[PDB]
Amino acid sequence: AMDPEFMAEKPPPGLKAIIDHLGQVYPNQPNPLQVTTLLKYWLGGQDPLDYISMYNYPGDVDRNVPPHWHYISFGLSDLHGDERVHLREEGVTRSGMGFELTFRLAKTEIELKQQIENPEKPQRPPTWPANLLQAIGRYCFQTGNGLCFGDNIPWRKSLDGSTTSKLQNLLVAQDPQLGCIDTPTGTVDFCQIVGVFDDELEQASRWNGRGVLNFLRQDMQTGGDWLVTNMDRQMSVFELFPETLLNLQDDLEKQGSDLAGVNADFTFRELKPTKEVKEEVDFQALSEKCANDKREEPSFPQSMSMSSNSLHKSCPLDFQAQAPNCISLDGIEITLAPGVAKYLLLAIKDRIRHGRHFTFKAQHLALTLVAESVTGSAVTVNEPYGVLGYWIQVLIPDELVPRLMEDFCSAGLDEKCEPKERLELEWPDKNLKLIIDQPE
């Protein structure tokens, strides 16, 4: 059940519109169980969701839909429009963060006996998902990370806080009943939250969310058509149907990856034969300058996830220096911690090959790999290596992709690999060296 210390139980333009659209979707249920916060967010509270509606879905096995409870949140979208939670720039079309969380929780067989069999007195939904929904609402607000259809939410805890449930992580889908609605405060996506296994999460991150969700839609055992979460699920979709692993390969080779980047311990240095390496291209110097001197903007790597195509109006940095030029490097030696070596293959085979970019972000500086057809970069074929303030950019030409993939295999860089040895890789014709090892 919900935490009683925080939650219990003309109207605002955002509230009225959502509740009216919900009226359309649920005509038999005009007064559903609704929960609210004791201390609202605009009054100092930690909890961003003002209300959580809880609907009773009886079931419909003809379509692939089990009996379940449907949860809808009010708070992430702009409900009031008077600048009490969400800012209005007057140029934005989204209402607040532009969406509201929905959750579909399968009824347990214990609850199912009551529905038809044991008694026909009113069946009140379980309230525990209120805790779950607030928690990810806090996540959204504190990171600035809005949710898109196919997004993942790394989450390393059973959604109910139990010791029995194997579902630890979250995927984001389109709600099959609620779509996107126009409100007087802007637009509202309906982002359905879906509980998943660890391997199901990794695959969505390395490939794409929609593809994993499509596997989960295929059978009742995995959520059915409307992606219903069952907290008793024993096996992942790849364990139950090993067929889907094969289909994943087919479409990974064709579609590539949606993963824009990783937090990664790395270092770079200029491979220069002629003059003096200045302070503006030195890792240690630049990192010291960067260190010296709720959330409106998304954070890494969601900030880089909008355009896999372009680097325009996007930056992998929290704070960026004023840098008038891209300072061109004659050569570059990249040192990469072995823990993230499993992302180079991903970078080249799944991003650069498809005309996309991939960013390795360290403590202060960021390294981005770039394909020839990526726009908005400070880097060119003739000058492929550059440092733009605290942002390093490295061009990888199409001709170099097959060479990089080939050499990665010989070194044994797999999706699962973690080199216990020091690895030196070089391409002298391109003035590019890669070292798999711990920095300094």
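In its metadata, the entry names X-ray crystallography as the structure determination method and reports 2.6800 Å as the resolution.

## Overview of the overall build of the protein chain
A count of helical and extended segments in the protein chain gives ten helices and 19 strands. The C-alpha radius of gyration of the protein chain comes to 25 Å, within 12% of the 22 Å expected for a compact globule of 440 residues. In terms of overall dimensions, the protein chain has a C-alpha envelope of 85 × 50 × 35 Å along the principal axes.

## Side note on the nonpolar core
Counting 59 residues, the largest nonpolar core has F268, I332, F360, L369, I392 and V394 as its most contacted members. With residues near it in sequence (within four places) discarded, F360 still touches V262, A264, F266, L336, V340, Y343, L344, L365, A366, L367 and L369. With 34 residues, the next largest nonpolar core counts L33, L105, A135 and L167 among its residues.

## A short note on the sheet that holds strand β13 (residues 332-336)
Strands sit in the order β11-β13-β19-β18 across an open sheet of four strands; the sheet is mixed. Edge positions in the open sheet fall to β11 (266-270) and β18 (423-427), since each of these has one partner strand only. Each adjacent strand pair in this sheet contributes to an overall mean axis angle of 15 degrees, direction not counted. Taken together, the five bridges between β13 and strand β19 (residues 432-436) define a ladder with parallel strand orientation. In the sheet register, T335 faces β19, and the bridge partner there is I435.

How each quantity is defined
Residue labels here follow a simple count from 1 along each chain's written sequence instead of the entry's numbering, which may differ, and residues missing coordinates are not shown. Heavy atoms from the whole structure form the basis of all side-chain values; hydrogens and water molecules are not counted. Residues with missing side-chain atoms are left out of burial classes, side-chain pairs and their counts. Secondary structure elements are taken from DSSP: a helix is a run of H or I of four residues or more, a strand is a run of E of two residues or more, and numbering for both begins at the N terminus. It is over C-alpha atoms that the radius of gyration is taken, and the globule rule equals 2.2 Å times the number of residues to the power 0.38. Buried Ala, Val, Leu, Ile, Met, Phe, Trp, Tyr and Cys residues that are joined via side-chain atoms within 4.5 Å together make up what is termed a nonpolar core. For every residue, the accessible area obtained with a 1.4 Å probe (protein chains only) is divided by the maximum for its type, and the residue is called buried under 20%, exposed over 50%, and partly exposed between those limits. By definition, residues are in contact when any of their heavy atoms lie within 4.5 Å. A strand pair is defined by DSSP finding two or more bridges across the two strands. Throughout, an axis means a line fitted to C-alpha atoms (over the contacting stretch in the case of helices), and angles, computed between N-to-C directions, take values from 0 to 180 degrees.

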